[PDB]
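The chain below stands alone and is given as structure tokens, in the form deposited in one PDB entry.
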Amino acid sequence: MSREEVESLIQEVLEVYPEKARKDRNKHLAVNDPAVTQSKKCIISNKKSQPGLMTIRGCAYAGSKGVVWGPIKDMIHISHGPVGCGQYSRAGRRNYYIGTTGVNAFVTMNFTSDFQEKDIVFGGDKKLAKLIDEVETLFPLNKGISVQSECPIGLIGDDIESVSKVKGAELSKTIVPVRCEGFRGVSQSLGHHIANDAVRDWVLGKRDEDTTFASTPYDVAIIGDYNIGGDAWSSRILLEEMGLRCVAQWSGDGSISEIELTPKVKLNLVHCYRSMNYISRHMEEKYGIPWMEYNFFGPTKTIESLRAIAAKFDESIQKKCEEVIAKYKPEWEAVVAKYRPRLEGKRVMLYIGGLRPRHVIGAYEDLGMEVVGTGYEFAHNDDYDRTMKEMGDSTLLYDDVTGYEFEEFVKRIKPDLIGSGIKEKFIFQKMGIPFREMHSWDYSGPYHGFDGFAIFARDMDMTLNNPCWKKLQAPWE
């Protein structure tokens, strides 16, 4: 629809809010203009959620434990506090890994101190020390322990840094304290930042004096790919077929040794800028490692990123890049020839957390599909600066959208497909709009690379053209 129609729709959606909430939410909605380079004059992000408005955002514990630290497989992560936060995040995110779950990998397990009233009143530092002792006794093959603080830890005056230092010195083990209490920040973004700082301060600087790792000129690290359904592996296979050596993966299927070996690489390949830009900038400052953002969503973005990455190395890498592109051209061309006719001209509305609302636009456009509305839960204004050019003109932009706002926008816009999280999935399925989970890939995937593009196109076709969407109205009504 026209730009003026979008502004009118925004105004009539905001009419029902109280004056303060409406005034706040008016700053978080925008009509896109790709010619604008600064989003601070177009949209406001990374702010408080209005109380009692059904925000989708999570907490800092979700951004630290659930996003950055949890995927690291050889480490044991203690949800420090009451049982709830660890129980609700157990195996809820599909950060795939290879290992033996009771023995040397612990991603899908729930370790928690299970705080009670006595621990709230008298503190849980002694309980934390005893817990670390028991973790050492019962899981001897763990290569490190992280302590992710839940809300009460930051409020009862618990000193987990001192316990971590004492027990780590005593057991000669890495113990990383993370003050990732849920009330800190406004969303999972501050959790990302706190987890990046913890990585920098407790893990990253472990082998600075160590020079026993042989470094090749083609050493790269993958930063900010969490292997959702195997996305990191699908990116790594393409990167290694290009002649590159992927030393580290952050943090999907990641190990603590890979994090400790990252300062030795030649290039950092940052997939999720939002969650790992802090550590990327720290590594560039301290070790002089350049970092670059890349997109492996869809064949066009994949090819562009592969060429951009190969342009950072010698001519042999460029030749191998061209060979990989030529090798994979028939596969994605066949995927397009099969699925683009079934998807051409269909409109999409997206609302994912901090990277994907702009990263997956090219994969949609490669199947003839247009994105008419996008938004973020916890993105910053640099994310919207990157998003505005990737969006078309007069497309809706929403930051920290509320349930009512998103439902009203979908009702007016009427997209052919919605890509969002599990808390919107069944809401929009009941309204008759095909829905794709853009966090967990609807328990499918990967979506990165050419294999991921094949899977993604098949999934979009299987959901958008599903017969069940033509049976919502009873024939007698």
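C-alpha atoms forming the largest set that superposes within 1.5 Å between two forms make up the rigid core. The first residue of the shown sequence is 1; numbering continues from there.
- Among other deposited entries of this protein with both flanking residues present, none omit coordinates for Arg436; it is modelled throughout, well short of a third.
- Modelled in this chain, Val410 is nonetheless unresolved in at least one third of the other entries of the protein that span it on both sides.
Omitted from view is the form deposited in another entry, to which the following refers.
- Once both forms are overlaid on the rigid core, the distance between the two CA positions of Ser440 between the shown form and the other one is 2 angstroms or more.
- Between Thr112 and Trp441, the C-alpha separation shrinks by 3 Å or more in the other form, relative to the conformation displayed.
- Annotation for the pair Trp441/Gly66: C-alpha atoms approach each other in the other form, by 3 Å or more compared with this form.
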